[PDB]
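The lines below spell out each chain.
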Amino acid sequence: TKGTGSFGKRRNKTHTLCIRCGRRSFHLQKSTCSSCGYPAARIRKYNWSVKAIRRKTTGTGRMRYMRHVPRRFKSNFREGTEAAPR
Amino acid sequence: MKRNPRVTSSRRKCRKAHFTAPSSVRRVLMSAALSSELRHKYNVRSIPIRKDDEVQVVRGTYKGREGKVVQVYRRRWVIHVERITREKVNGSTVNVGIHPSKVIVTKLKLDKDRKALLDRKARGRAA
Amino acid sequence: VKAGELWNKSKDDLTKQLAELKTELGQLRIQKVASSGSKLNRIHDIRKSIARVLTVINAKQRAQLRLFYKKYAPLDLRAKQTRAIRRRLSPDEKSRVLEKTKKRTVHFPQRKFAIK
Amino acid sequence: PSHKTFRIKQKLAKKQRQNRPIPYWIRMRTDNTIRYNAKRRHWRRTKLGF
Amino acid sequence: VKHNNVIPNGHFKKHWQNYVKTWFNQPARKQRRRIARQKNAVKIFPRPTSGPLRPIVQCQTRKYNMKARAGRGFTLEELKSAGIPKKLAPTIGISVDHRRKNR
RNA sequence: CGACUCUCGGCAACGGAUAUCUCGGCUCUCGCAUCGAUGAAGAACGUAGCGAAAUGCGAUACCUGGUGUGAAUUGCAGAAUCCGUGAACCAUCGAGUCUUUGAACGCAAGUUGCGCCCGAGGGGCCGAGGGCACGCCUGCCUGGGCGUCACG
RNA sequence: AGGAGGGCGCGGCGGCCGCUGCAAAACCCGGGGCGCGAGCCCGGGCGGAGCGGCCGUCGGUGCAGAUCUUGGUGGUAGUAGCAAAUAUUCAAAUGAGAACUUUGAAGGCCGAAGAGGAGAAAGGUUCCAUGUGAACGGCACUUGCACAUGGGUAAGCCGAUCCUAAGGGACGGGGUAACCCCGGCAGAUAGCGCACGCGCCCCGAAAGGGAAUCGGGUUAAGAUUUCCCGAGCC
RNA sequence: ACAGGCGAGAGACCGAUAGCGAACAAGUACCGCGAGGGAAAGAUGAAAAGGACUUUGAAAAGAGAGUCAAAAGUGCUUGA
RNA sequence: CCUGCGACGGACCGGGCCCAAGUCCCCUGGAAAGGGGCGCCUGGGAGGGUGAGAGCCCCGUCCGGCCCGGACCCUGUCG
RNA sequence: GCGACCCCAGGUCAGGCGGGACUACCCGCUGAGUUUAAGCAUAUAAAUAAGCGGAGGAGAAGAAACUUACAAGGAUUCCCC
Ligand SMILES: [K+]
Ligand SMILES: [K+]
Ligand SMILES: [K+]
Ligand SMILES: [K+]
Ligand SMILES: [K+]
Ligand SMILES: [K+]
Ligand SMILES: [K+]
Ligand SMILES: [K+]
Ligand SMILES: [K+]
Ligand SMILES: [K+]
Ligand SMILES: [K+]
Ligand SMILES: [Mg+2]
Ligand SMILES: [Mg+2]
Ligand SMILES: [Mg+2]
Ligand SMILES: [Mg+2]
Ligand SMILES: [Mg+2]
Ligand SMILES: [Mg+2]
Ligand SMILES: [Mg+2]
Ligand SMILES: [Mg+2]
Ligand SMILES: [Mg+2]
Ligand SMILES: [Mg+2]
Ligand SMILES: [Mg+2]
Ligand SMILES: [Mg+2]
Ligand SMILES: [Mg+2]
Ligand SMILES: [Mg+2]
Ligand SMILES: [Mg+2]
Ligand SMILES: [Mg+2]
Ligand SMILES: [Mg+2]
Ligand SMILES: [Mg+2]
Ligand SMILES: [Mg+2]
Ligand SMILES: [Mg+2]
Ligand SMILES: [Mg+2]
Ligand SMILES: [Mg+2]
Ligand SMILES: [Mg+2]
Ligand SMILES: [Mg+2]
Ligand SMILES: [Mg+2]
Ligand SMILES: [Mg+2]
Ligand SMILES: [Mg+2]
Ligand SMILES: [Mg+2]
Ligand SMILES: [Mg+2]
Ligand SMILES: [Mg+2]
Ligand SMILES: [Mg+2]
Ligand SMILES: [Mg+2]
Ligand SMILES: [Mg+2]
Ligand SMILES: [Mg+2]
Ligand SMILES: [Mg+2]
Ligand SMILES: [Mg+2]
Ligand SMILES: [Mg+2]
Ligand SMILES: [Mg+2]
Ligand SMILES: [Mg+2]
Ligand SMILES: [Mg+2]
Ligand SMILES: [Mg+2]
Ligand SMILES: [Mg+2]
Ligand SMILES: [Mg+2]
Ligand SMILES: [Mg+2]
Ligand SMILES: [Mg+2]
Ligand SMILES: [Mg+2]
Ligand SMILES: [Mg+2]
Ligand SMILES: [Mg+2]
Ligand SMILES: [Mg+2]
Ligand SMILES: [Mg+2]
Ligand SMILES: [Mg+2]
Ligand SMILES: [Mg+2]
Ligand SMILES: [Zn+2]
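Residues numbered from 1 in each chain as written, not as in the entry; some residues may be left out. Chains lettered and ligands numbered in written order. Part of a larger assembly, values for the part shown. Heavy atoms only, no water. Residues with missing side-chain atoms left out of burial classes, pairs and counts.

Judging from the entry metadata, cryo-EM is the method by which this structure was determined, and 2.84 Å is the reported resolution.

For chain E, the name recorded in the PDB entry is 60S ribosomal protein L13, with Triticum aestivum as its organism. Readers searching the PDB will find this entry under the title "Atomic structure of wheat ribosome reveals unique features of the plant ribosomes".

The name given to chain B in the PDB entry is KOW domain-containing protein, with the source organism recorded as Triticum aestivum. You can read under Sequence similarities (unreviewed entry) in the UniProt record for chain B the words "Belongs to the universal ribosomal protein uL24 family." (UniProt positions renumbered as here; feature names shortened; annotations may be inferred.)

### Digging into the packing of aromatic side chains
Under the counting rule described, the total for this entry stands at four aromatic pairs over all chains. Centre to centre, the rings of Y46(A) and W48(A) are 5.0 Å apart; their planes meet at 15°, and the pair counts as stacked. Ring geometry for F19(B) against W77(B): centres 6.4 Å apart, planes inclined by 90°, an arrangement best described as edge-to-face. Taken together, the residues span a long stretch of sequence, with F19(B) in helix α1 (residues 11-19) and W77(B) in the loop between β4 (66-73) and β5 (78-87) at a distance of 58 residues. The exposure class of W77(B) is buried, given its relative accessible area of 11%. Of note, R76(B) hangs over the ring of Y73(B), and the distance from its end group to the ring centre comes to 4.5 Å. (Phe/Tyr/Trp six-rings, centres within 6.5 Å; stacked < 30°, edge-to-face > 60°. Helix = DSSP H or I, 4+ residues; strand = E, 2+ residues; numbered from the N terminus. Buried < 20%, exposed > 50% of the residue type's maximum accessible area, 1.4 Å probe, protein only. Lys NZ or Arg CZ within 6 Å of the ring centre and 35° of its normal.)

### Let's talk about the protein's contact with RNA strand F
Near RNA strand F there are 110 residues, and of these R64(A), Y65(A), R78(A), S23(B) and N41(C) occur at the shortest range. If you look at RNA strand F and keep only atoms within 4 Å of the protein, 63% of those are sugar or phosphate atoms. With respect to RNA strand F, the backbone of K112(B) contributes an N or O atom lying 3.4 Å from a base oxygen. With 12 residues, helix α3 (residues 41-68) of chain C is the largest single contributor of residues to the surface near RNA strand F. A per-class count over the surface near RNA strand F returns 38 nonpolar, 27 polar and 45 charged. (Near = heavy atom within 4 Å. Polar contact = N/O pair within 3.5 Å; in protein donor to acceptor, adjacent residues only side chain to side chain. Nonpolar A, V, L, I, M, F, W, Y, C, P; charged D, E, K, R; others polar.)

### Focus: the pairing of strand β1 (residues 31-34) of chain B
Residues and elements named next belong to chain B. For β1 and strand β2 (residues 46-48), the ladder comprises three bridges, and the chain directions are antiparallel. Bridging across to β2, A32 finds its partner in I47. Strand direction decides the pairing type here: β1 and strand β7 (residues 103-107), joined by two bridges, are parallel. Directly across from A33, in β7, lies its bridge partner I104. (Pairing = 2+ DSSP bridges.)

### What to know about the side chain of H27(A)
Residue and element names in this part refer to chain A. Along the chain, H27 falls in strand β2 (residues 24-27). Here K30 takes part through its backbone nitrogen, which lies 3.0 Å from a polar atom of the side chain of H27. When sequence neighbours within four positions are dropped, the list of residues in contact with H27 reads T14, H15 and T32. (Contact = heavy atoms within 4.5 Å.)

### Description of the nonpolar core
One finds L34(B), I47(B), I49(B), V55(B), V105(B) and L108(B) to be the most contacted residues of the largest nonpolar core, which totals 23 residues. Elements represented by at least two residues in this core include exactly β1, β3 (54-57), β5, β6 (93-98), β7 and α4 (113-126) of chain B. Apart from residues lying up to four places away in sequence, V55(B) is in contact with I49(B), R65(B), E66(B), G67(B), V69(B), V81(B), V103(B), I104(B), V105(B) and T106(B). Counting 12 residues, the second-largest nonpolar core is a separate cluster that includes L28(C), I46(C), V53(C) and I57(C). (Core = buried A, V, L, I, M, F, W, Y, C linked by side-chain atoms within 4.5 Å.)

Encoded structure:
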């Protein structure tokens, strides 16, 4: 065994998809994500992998709310009137 | 020699700004010279090309030919002039695209903003 | 169509327009799955009209509520800034100093002088 | 399996829509460099690990 | 080590290359400092740009016994002998140093 | 004379070097200071007449609105618009919308699973819509203990 | 081994002197020469837009090796090989093309703890229809688990869902610099019936426990109890 | 002070095996249960003017022909 | 002995509009942006685009002018 | 029994505050070894990497329970020495 014969089992799952990050890294029996550590409030992140950090930060996704702050900062967050009618 | 700190002389930056230009900026970039008679009458040198302007080709193999602007393909930086065409291998007809910097406007289509634009440009070119 | 006319119409008329355009977008989606060639571009025109009507109705509602509440404001009507800007002290609070500091400014402010 | 969670079925539906050929008229656009889908998957190769 | 040299002492056994300080911003620092001096000058138009008046003191220690320089401020005893209230002195451009004494 | 092997040249192959480029990279300098329980970053799913991705957006879904400019967008087709409150895969932003999630907040979670409360609008029934986490602060309401007392 | 001098060549920067659509760079040539040599100069061709020489100065500046890196290409070589699971044959049809597709006939095998009929995991459209450029199906194909375009999964009763198992998480409290580690350590236990009365959290099984369905029919593809007919049940 | 963010400018820097891993739908395709690992891939032409039509062939294609200054004939500048 | 309110500018930041001169003649080329001849601008010969090395074809660049909007401190004359 | 207070409990009570994200710079903790010593244990690597937290446009520090020995200087920060 130990090889081709043992590789045939492969029926159970250690990880399923994670609620928080969507990788197949949610250890079912541990109930923890091995990528983001989902049940923990803070996100799993380590300085010994700057490649892992850079693969998921602000900018790798879509900033639904940010990407508008620089434009609202320019107008001093006026949030008041509207341009005078033509 | 340029003096403005805010103006870039970088060839990479100028080519990127030219080719990644929005539609409203290509209108100014796609400007044409006026004819001698029109320049004298309006005291303006160049104007942005428009549809239904009457144009004469002054460079290329169609130099001397005249027509009216039927299309301003800003995405391709070319204008199409009436009856300036070519036959394909199958015999069909295709309009030939010409850069507006190689034509002169001979008749202008003026609605209400063309006149206002002509007034603004004349004052600087008159003083 | 012609948002300027939409702003004239009352709320009952605006919701009557909203109902008509919803019925009419449905008739197009039926046409789209069966057959047509020029009813397909009406989908974009009518979908945008539904958005146009709902924008006008919404903008009227907020302006009305902002007028009716000018005590405590509802949480959605409050001035939205960054979270840190909302936590800032007021100018009255930033400019407040105690008596021993207000006295020294009264009696000994910085003077305007020059050297001959 | 036949027994599916809803979340698994929803993901499988999206992956079904995504492996189609690119429309022919995309290749006719002005500045076009796209040749093929570059993201086609066949079920027998390249399993999606869910 | 192979010849008649000095005994080498190179302090480069740590990660010194993560702590290199270059000076390519030196001419920019000069311009930023110059610009702030002109802004400060306009902010106080008639007031002298060199700051408040400074006293004269002897530099301490035997090496610099005999040299005079600018101090921090005038003593409370010096201001009293000249007739200038110590609260008025900073407001009219005179520095005050309550630490210093007159021996 | 022929075949085979080796070799020299011409033409044709194979392959992608060289040359000329470059909306990319790298380095330096400058200016500015703005994320989030008013729900961020991140994740999912949707969304176009023809789209898979990238880009954009959120059931108002490659966009609504305001302002500016001033006649396009285009790969194909149909519509709209032009001396005009007016085209645009245009610019810009003050008005809006903003699905399921996520610090994530009724309880959970390989589940679109299991509860409770209010409630427009049409006794009871059906409701659209919305609430119900934890810690803490100020005030408030309802309370507990001979803990310290006072008078009955 | 080693040192040194003088030269040759590559790429920039500051200068000087030039070339080129009457054809620059690069590349090719049994073309002609110069130099001991590194190299250089010219000729013919291709190619179609840039390049050179001299002085100074600077540098990621010269390859045959490193079981060197990446890419490409040979001989080996039309070679080694395509040999388990008994087996095919005839006629016809279709088609450009049939040892391999379809129909009929014949001869055989699996032999019901099967090479039959259905499920749990796992897969995810492979299911059905029509069509076919190439690729792929290590021979071939008209053919498909390939490719393209469409279609297809219907539940009060089947399951999940409900309960608890081994076990997991967890309020308060305890520890801990914090991340986090501890559930019996008892803490006014956060509520239940009819003012009165009582009072010893969740997750975890599509094989455990468990409300209730049967027969007949129907599609290209569903329904081994979901659709239709009839008859029941909770 | 400032290898992050938003916005500018410059260079005796690199020039597609170089320069960031990424000049391109690049942290992508794909690999691993997972933590993680991680590419290759730029250039027709001034303009598609992207090769009508005849003929052979089941087709793919060929032979004529047409466009272009040029076949430069859709991984198409040059092409060791 | 010493001790608030306003009006009108400045300075700071942003945005917009306008702002010189050949497409004259000949030759070669598919195309002149090349060569030759005759001219013009320049406080503009930075850069870029356009069918080949383009100051004068186009956008820009120089020197300026005009208009719009912030910031509520800092400061210059008035009441 | 009416009361005053103290300590405490319960509230979907009225109004509010907190948690997460980002890494260049900054503040706090925790903390190696490879390596050098031509061996190696103190030493070095290094009060560094990794690990756990906290901010801002800068942060931190800051107005002497400081230096000196001089004819004395006079908060903090940064540069040269
Ligand atoms: K020596
Ligand atoms: K520096
Ligand atoms: K040969
Ligand atoms: K090259
Ligand atoms: K459950
Ligand atoms: K040189
Ligand atoms: K059910
Ligand atoms: K069960
Ligand atoms: K690479
Ligand atoms: K060629
Ligand atoms: K030019
Ligand atoms: Mg083993
Ligand atoms: Mg396990
Ligand atoms: Mg668990
Ligand atoms: Mg497989
Ligand atoms: Mg070290
Ligand atoms: Mg888009
Ligand atoms: Mg949740
Ligand atoms: Mg040869
Ligand atoms: Mg050279
Ligand atoms: Mg170099
Ligand atoms: Mg080298
Ligand atoms: Mg080599
Ligand atoms: Mg050698
Ligand atoms: Mg070898
Ligand atoms: Mg190799
Ligand atoms: Mg070989
Ligand atoms: Mg053989
Ligand atoms: Mg064998
Ligand atoms: Mg067979
Ligand atoms: Mg047998
Ligand atoms: Mg038998
Ligand atoms: Mg079966
Ligand atoms: Mg089948
Ligand atoms: Mg085969
Ligand atoms: Mg398929
Ligand atoms: Mg059941
Ligand atoms: Mg239970
Ligand atoms: Mg138990
Ligand atoms: Mg605890
Ligand atoms: Mg359960
Ligand atoms: Mg059971
Ligand atoms: Mg079936
Ligand atoms: Mg920065
Ligand atoms: Mg690369
Ligand atoms: Mg190279
Ligand atoms: Mg994988
Ligand atoms: Mg594997
Ligand atoms: Mg060329
Ligand atoms: Mg070629
Ligand atoms: Mg001009
Ligand atoms: Mg000339
Ligand atoms: Mg050329
Ligand atoms: Mg409350
Ligand atoms: Mg925090
Ligand atoms: Mg040692
Ligand atoms: Mg050693
Ligand atoms: Mg050792
Ligand atoms: Mg660290
Ligand atoms: Mg901040
Ligand atoms: Mg501070
Ligand atoms: Mg003190
Ligand atoms: Mg000191
Ligand atoms: Zn996760």
